[PDB]
Structure formats: structure tokens, C-alpha cells
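Participant: Pasting my_file-v8.txt here (compact mmCIF, N, CA and C atoms):
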# COMPACT_ATOMS: atom_id res chain seq x y z
N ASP D 1 -16.61 2.95 8.53
CA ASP D 1 -16.30 3.26 7.10
C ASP D 1 -15.45 2.15 6.48
N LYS D 2 -15.64 1.87 5.22
CA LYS D 2 -14.82 0.83 4.54
C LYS D 2 -14.70 1.14 3.04
N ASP D 3 -14.77 2.40 2.68
CA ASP D 3 -14.62 2.78 1.25
C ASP D 3 -13.68 3.98 1.12
N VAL D 4 -12.43 3.74 0.80
CA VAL D 4 -11.46 4.87 0.61
C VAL D 4 -11.45 5.80 1.84
N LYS D 5 -10.46 5.66 2.68
CA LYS D 5 -10.32 6.59 3.84
C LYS D 5 -9.48 7.80 3.44
N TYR D 6 -9.72 8.94 4.05
CA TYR D 6 -8.92 10.15 3.72
C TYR D 6 -7.57 10.11 4.44
N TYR D 7 -6.60 9.45 3.84
CA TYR D 7 -5.23 9.41 4.44
C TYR D 7 -4.66 10.83 4.53
N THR D 8 -3.39 10.95 4.82
CA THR D 8 -2.76 12.31 4.89
C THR D 8 -1.53 12.36 3.98
N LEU D 9 -1.02 13.54 3.73
CA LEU D 9 0.20 13.68 2.88
C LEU D 9 1.45 13.27 3.66
N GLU D 10 1.48 13.55 4.94
CA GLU D 10 2.66 13.15 5.77
C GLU D 10 2.69 11.63 5.95
N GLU D 11 1.54 11.00 5.94
CA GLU D 11 1.50 9.51 6.05
C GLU D 11 1.87 8.86 4.71
N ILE D 12 1.59 9.54 3.62
CA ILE D 12 1.96 8.99 2.28
C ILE D 12 3.38 9.45 1.91
N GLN D 13 3.75 10.64 2.31
CA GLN D 13 5.13 11.13 2.02
C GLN D 13 6.08 10.75 3.16
N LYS D 14 6.05 9.51 3.58
CA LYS D 14 6.98 9.05 4.66
C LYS D 14 7.31 7.57 4.49
N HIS D 15 7.29 7.09 3.27
CA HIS D 15 7.64 5.66 3.02
C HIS D 15 9.07 5.55 2.48
N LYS D 16 10.00 6.21 3.11
CA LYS D 16 11.43 6.12 2.68
C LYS D 16 12.06 4.83 3.21
N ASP D 17 11.60 4.37 4.35
CA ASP D 17 12.14 3.09 4.91
C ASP D 17 11.07 2.00 4.85
N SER D 18 11.20 0.98 5.67
CA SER D 18 10.17 -0.12 5.70
C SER D 18 9.94 -0.69 4.29
N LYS D 19 8.82 -1.33 4.08
CA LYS D 19 8.52 -1.88 2.73
C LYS D 19 7.20 -1.29 2.21
N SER D 20 6.52 -1.98 1.33
CA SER D 20 5.20 -1.48 0.81
C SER D 20 5.33 -0.04 0.28
N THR D 21 5.47 0.10 -1.02
CA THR D 21 5.56 1.47 -1.61
C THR D 21 4.18 2.13 -1.65
N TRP D 22 4.11 3.39 -1.29
CA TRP D 22 2.81 4.12 -1.35
C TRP D 22 2.81 5.11 -2.52
N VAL D 23 2.64 4.62 -3.72
CA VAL D 23 2.59 5.54 -4.90
C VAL D 23 1.20 6.17 -5.02
N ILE D 24 1.07 7.18 -5.83
CA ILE D 24 -0.27 7.82 -6.03
C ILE D 24 -0.52 8.04 -7.52
N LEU D 25 -1.72 7.77 -7.98
CA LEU D 25 -2.05 8.01 -9.42
C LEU D 25 -2.50 9.47 -9.62
N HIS D 26 -3.71 9.79 -9.23
CA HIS D 26 -4.18 11.20 -9.33
C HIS D 26 -4.68 11.66 -7.96
N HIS D 27 -5.57 10.92 -7.36
CA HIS D 27 -6.04 11.24 -5.99
C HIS D 27 -6.23 9.96 -5.17
N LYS D 28 -5.61 8.88 -5.58
CA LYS D 28 -5.72 7.60 -4.81
C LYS D 28 -4.34 7.16 -4.31
N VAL D 29 -4.26 6.66 -3.11
CA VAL D 29 -2.96 6.17 -2.57
C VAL D 29 -2.80 4.68 -2.88
N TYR D 30 -1.72 4.30 -3.50
CA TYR D 30 -1.51 2.86 -3.86
C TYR D 30 -0.46 2.22 -2.95
N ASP D 31 -0.85 1.23 -2.19
CA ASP D 31 0.16 0.43 -1.43
C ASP D 31 0.53 -0.81 -2.25
N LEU D 32 1.29 -0.62 -3.29
CA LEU D 32 1.62 -1.75 -4.21
C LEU D 32 2.77 -2.59 -3.63
N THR D 33 2.60 -3.10 -2.44
CA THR D 33 3.67 -3.96 -1.83
C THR D 33 3.77 -5.30 -2.57
N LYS D 34 2.71 -5.73 -3.19
CA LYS D 34 2.75 -7.01 -3.96
C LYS D 34 3.38 -6.77 -5.34
N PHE D 35 3.29 -5.57 -5.85
CA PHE D 35 3.92 -5.26 -7.17
C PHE D 35 5.40 -4.91 -6.98
N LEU D 36 5.75 -4.36 -5.84
CA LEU D 36 7.18 -4.03 -5.57
C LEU D 36 8.04 -5.29 -5.63
N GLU D 37 7.50 -6.41 -5.22
CA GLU D 37 8.26 -7.69 -5.29
C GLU D 37 7.75 -8.55 -6.46
N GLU D 38 7.24 -7.92 -7.49
CA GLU D 38 6.76 -8.68 -8.68
C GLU D 38 7.70 -8.44 -9.87
N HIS D 39 8.00 -7.19 -10.14
CA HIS D 39 8.94 -6.88 -11.26
C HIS D 39 10.22 -6.22 -10.71
N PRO D 40 11.16 -7.04 -10.27
CA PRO D 40 12.43 -6.50 -9.72
C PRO D 40 13.10 -5.52 -10.70
N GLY D 41 12.80 -4.25 -10.57
CA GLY D 41 13.44 -3.24 -11.45
C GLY D 41 13.82 -2.01 -10.62
N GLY D 42 12.92 -1.54 -9.80
CA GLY D 42 13.23 -0.37 -8.92
C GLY D 42 12.15 -0.24 -7.84
N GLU D 43 11.65 -1.36 -7.35
CA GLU D 43 10.62 -1.33 -6.27
C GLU D 43 9.40 -0.48 -6.69
N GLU D 44 9.43 0.81 -6.46
CA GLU D 44 8.30 1.68 -6.89
C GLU D 44 8.53 2.18 -8.33
N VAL D 45 7.80 1.64 -9.27
CA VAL D 45 7.94 2.09 -10.69
C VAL D 45 6.58 2.47 -11.27
N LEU D 46 5.65 2.88 -10.44
CA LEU D 46 4.32 3.31 -10.95
C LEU D 46 4.34 4.80 -11.31
N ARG D 47 5.29 5.21 -12.12
CA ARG D 47 5.35 6.64 -12.57
C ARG D 47 5.32 7.59 -11.36
N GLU D 48 6.41 7.70 -10.65
CA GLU D 48 6.47 8.64 -9.49
C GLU D 48 7.92 8.79 -9.00
N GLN D 49 8.86 8.85 -9.91
CA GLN D 49 10.28 9.03 -9.50
C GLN D 49 10.91 10.19 -10.28
N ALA D 50 10.67 10.25 -11.57
CA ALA D 50 11.21 11.37 -12.39
C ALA D 50 10.07 12.26 -12.89
N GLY D 51 8.99 12.33 -12.15
CA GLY D 51 7.85 13.21 -12.55
C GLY D 51 7.29 12.73 -13.89
N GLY D 52 6.85 13.65 -14.72
CA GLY D 52 6.32 13.27 -16.06
C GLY D 52 4.82 13.54 -16.11
N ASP D 53 4.35 14.52 -15.38
CA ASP D 53 2.89 14.88 -15.41
C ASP D 53 2.02 13.65 -15.14
N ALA D 54 1.88 13.28 -13.89
CA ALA D 54 1.01 12.11 -13.52
C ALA D 54 1.40 10.87 -14.34
N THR D 55 0.57 9.86 -14.32
CA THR D 55 0.86 8.63 -15.13
C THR D 55 0.04 8.65 -16.43
N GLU D 56 0.05 9.76 -17.13
CA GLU D 56 -0.70 9.85 -18.43
C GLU D 56 -2.16 9.41 -18.24
N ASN D 57 -2.79 8.93 -19.29
CA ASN D 57 -4.20 8.43 -19.15
C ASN D 57 -4.26 7.30 -18.11
N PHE D 58 -3.25 6.47 -18.06
CA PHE D 58 -3.20 5.39 -17.03
C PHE D 58 -1.81 4.73 -17.03
N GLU D 59 -1.72 3.53 -16.53
CA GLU D 59 -0.42 2.80 -16.54
C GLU D 59 -0.13 2.25 -17.93
N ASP D 60 1.09 2.40 -18.40
CA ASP D 60 1.45 1.85 -19.74
C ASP D 60 1.79 0.36 -19.62
N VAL D 61 1.54 -0.39 -20.66
CA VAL D 61 1.89 -1.85 -20.64
C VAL D 61 3.20 -2.10 -21.39
N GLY D 62 4.13 -1.18 -21.29
CA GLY D 62 5.45 -1.38 -21.95
C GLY D 62 6.16 -2.59 -21.34
N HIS D 63 6.40 -2.56 -20.06
CA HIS D 63 7.05 -3.73 -19.38
C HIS D 63 6.05 -4.43 -18.45
N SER D 64 4.79 -4.44 -18.82
CA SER D 64 3.77 -5.14 -17.98
C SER D 64 3.13 -6.29 -18.77
N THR D 65 2.71 -7.32 -18.09
CA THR D 65 2.03 -8.45 -18.79
C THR D 65 0.65 -8.71 -18.18
N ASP D 66 0.55 -8.65 -16.87
CA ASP D 66 -0.77 -8.84 -16.21
C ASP D 66 -1.43 -7.49 -15.94
N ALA D 67 -1.50 -6.65 -16.94
CA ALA D 67 -2.16 -5.32 -16.77
C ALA D 67 -3.68 -5.47 -16.92
N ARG D 68 -4.35 -5.86 -15.86
CA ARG D 68 -5.84 -5.99 -15.92
C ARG D 68 -6.47 -5.38 -14.66
N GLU D 69 -5.99 -5.77 -13.50
CA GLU D 69 -6.52 -5.19 -12.24
C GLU D 69 -5.38 -4.92 -11.26
N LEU D 70 -4.26 -4.43 -11.75
CA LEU D 70 -3.12 -4.10 -10.85
C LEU D 70 -3.33 -2.73 -10.20
N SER D 71 -4.06 -1.86 -10.86
CA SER D 71 -4.35 -0.52 -10.27
C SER D 71 -5.69 -0.54 -9.54
N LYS D 72 -5.95 -1.58 -8.79
CA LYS D 72 -7.23 -1.65 -8.00
C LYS D 72 -6.99 -2.38 -6.68
N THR D 73 -6.72 -3.66 -6.74
CA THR D 73 -6.44 -4.43 -5.48
C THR D 73 -5.12 -3.96 -4.83
N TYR D 74 -4.32 -3.19 -5.53
CA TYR D 74 -3.06 -2.67 -4.93
C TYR D 74 -3.29 -1.27 -4.35
N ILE D 75 -4.51 -0.95 -3.98
CA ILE D 75 -4.79 0.40 -3.40
C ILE D 75 -5.22 0.28 -1.94
N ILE D 76 -5.20 1.37 -1.21
CA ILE D 76 -5.62 1.33 0.22
C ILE D 76 -6.69 2.39 0.51
N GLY D 77 -6.58 3.54 -0.11
CA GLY D 77 -7.60 4.62 0.11
C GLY D 77 -7.27 5.81 -0.78
N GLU D 78 -7.64 7.00 -0.36
CA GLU D 78 -7.30 8.21 -1.15
C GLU D 78 -6.45 9.17 -0.32
N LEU D 79 -6.15 10.33 -0.86
CA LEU D 79 -5.38 11.34 -0.08
C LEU D 79 -6.27 12.52 0.29
N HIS D 80 -6.03 13.13 1.42
CA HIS D 80 -6.83 14.33 1.82
C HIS D 80 -6.64 15.46 0.79
N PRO D 81 -7.69 15.78 0.05
CA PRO D 81 -7.59 16.86 -0.97
C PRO D 81 -7.02 18.15 -0.36
N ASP D 82 -7.19 18.34 0.92
CA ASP D 82 -6.62 19.55 1.60
C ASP D 82 -5.10 19.59 1.43
N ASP D 83 -4.48 18.45 1.25
CA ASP D 83 -3.00 18.42 1.05
C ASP D 83 -2.65 18.29 -0.43
N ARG D 84 -3.56 17.78 -1.23
CA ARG D 84 -3.29 17.65 -2.70
C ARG D 84 -2.92 19.00 -3.31
N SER D 85 -2.80 19.07 -4.61
CA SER D 85 -2.47 20.37 -5.27
C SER D 85 -3.69 21.30 -5.26
N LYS D 86 -3.98 21.90 -4.14
CA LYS D 86 -5.12 22.86 -4.06
C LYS D 86 -5.09 23.62 -2.73
N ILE D 87 -4.20 24.57 -2.60
CA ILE D 87 -4.14 25.38 -1.35
C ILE D 87 -4.90 26.70 -1.54
N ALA D 88 -5.90 26.70 -2.39
CA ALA D 88 -6.73 27.93 -2.58
C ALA D 88 -7.75 28.05 -1.44
N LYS D 89 -8.60 29.04 -1.51
CA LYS D 89 -9.65 29.21 -0.46
C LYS D 89 -11.00 29.57 -1.11
N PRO D 90 -11.52 28.67 -1.92
CA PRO D 90 -12.82 28.92 -2.60
C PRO D 90 -13.91 29.31 -1.59
N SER D 91 -14.96 29.95 -2.04
CA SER D 91 -16.09 30.33 -1.12
C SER D 91 -15.56 31.10 0.10
N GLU D 92 -16.33 31.13 1.16
CA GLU D 92 -15.87 31.83 2.42
C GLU D 92 -15.44 33.26 2.11
N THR D 93 -16.05 33.89 1.14
CA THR D 93 -15.71 35.30 0.82
C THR D 93 -16.98 36.09 0.47
N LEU D 94 -17.84 35.52 -0.34
CA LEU D 94 -19.12 36.20 -0.69
C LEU D 94 -20.16 35.96 0.41
Could the structure of this file be written out as C-alpha cells, please?
Facilitator:
Amino acid sequence: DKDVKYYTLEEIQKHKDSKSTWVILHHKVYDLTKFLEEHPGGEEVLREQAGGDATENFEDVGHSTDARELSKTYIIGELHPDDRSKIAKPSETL
């Protein structure tokens, strides 16, 4: 396989040490280690510190200049939907 692997929530929710920030947009995991050392402001600033309902329609260009393909080559895969916001049990009843 070489197209978006199903990572886990414990593997994404465990980047408190080391480097390479693992932010998430909606269902994709971003390893923006190249952006963390690009705009010295707070390492991970891809809308994921004070909440705010996801990152709106997308990333804002308020303090960005090269906003063209930063939310693509800075990704690694997706997150297992089983851990995302969906602990329901569709089907398996009728």
C-alpha cells in the first residue's frame, strides 16, 4: 500500500515530545515537521490548540505567504475512523 495508511489515535495523540508535529485537518494526519521550523511562532499552529471547530473551510492566509501546497506534501496518511468522532454502531441490528 502507498496511499494514505490508516494510522491510529494513540499514534497521533502522542506527539508531546520529539519533533515533527502531527496535526489533523478533518480526517487526515499532517506531519508538518517542515512547517514547524518555517514560521517560528508556536511550532504547531495549524488550528489545533484552542479548538475553534476544525480549521474552517481550510487554512487561512492571515500569517501565511506560500499558501499553495502546504496542506499536501506535509501529510503522511489518515486516521482510523474507528477512533475519529464516531463511536456509534450503525447496521449490525436489522
Participant: Work out how far CA of residue 89 in chain D is from CA of residue 5 in chain D, in Å to one decimal.
Facilitator: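 CA of residue 5 in chain D sits 23.0 Å away from CA of residue 89 in chain D.
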Participant: Need the shell around residue 25 in chain D: protein/DNA/RNA residues with any atom at most 8 Å away, counting all atoms listed in the file. Skip same-chain ones fewer than 6 positions apart. Format as a list in words?
Facilitator: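 Answer for this query is residues 46, 47, 54, 55 and 56 of chain D.
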Participant: Could you tell me how far atom N of residue 24 in chain D sits from atom C of residue 65 in chain D, in Å to one decimal place?
Facilitator: 20.1 Å
Participant: In Å, rounded to a single decimal, give me how far CA of residue 8 in chain D is from CA of residue 88 in chain D.
Facilitator: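 Interatomic distance here is 17.8 Å.
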Participant: According to DSSP computed on the backbone, where in chain D is there strand (DSSP E)? Give the residues as a PyMOL selection string.
Facilitator: chain D and resi 6-7+22-24+28-31+75-79
Participant: Find the residue from D:48, D:92, D:66, D:11 that sits nearest to residue 79 in chain D; use only C-alpha atoms when measuring.
Facilitator: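 For residue 79 in chain D, the nearest of the given residues is D:11.
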Participant: Could you pull out all residues of chain D with a DSSP call of helix (DSSP H, G or I) and give them as a list in words?
Facilitator: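 Going through chain D, the helix (DSSP H, G or I) residues come out as residues 9, 10, 11, 12, 33, 34, 35 and 36 of chain D.
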Participant: Just checking: using only N, CA and C atoms, which residue out of D:39, D:9, D:58, D:49 ends up closest to residue 82 in chain D?
Facilitator: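 Once distances to residue 82 in chain D are computed over only N, CA and C atoms, the minimum belongs to D:9.
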Participant: Between D:94, D:87, D:67, D:75, which has the minimum distance to residue 32 in chain D (counting only N, CA and C atoms)?
Facilitator: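 Between D:94, D:87, D:67, D:75, the residue approaching residue 32 in chain D most closely is D:75.
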Participant: Using only N, CA and C atoms, which of the listed residues (D:61, D:4, D:51, D:20) sits closest to residue 37 in chain D?
Facilitator: D:20
Participant: Env of residue 76 in chain D: 12 Å cut, atoms = only C-alpha atoms, seq-sep filter 6 positions within chain, self excluded. Answer as a list in words.
Facilitator: residues 2, 3, 4, 5, 6, 7, 12, 20, 21, 22, 23, 24, 27, 28, 29, 30, 31, 32 and 33 of chain D
Participant: Find, counting only C-alpha atoms, the residue in D:45, D:26, D:10, D:73 that gets nearest to residue 60 in chain D.
Facilitator: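 Between D:45, D:26, D:10, D:73, the residue approaching residue 60 in chain D most closely is D:45.
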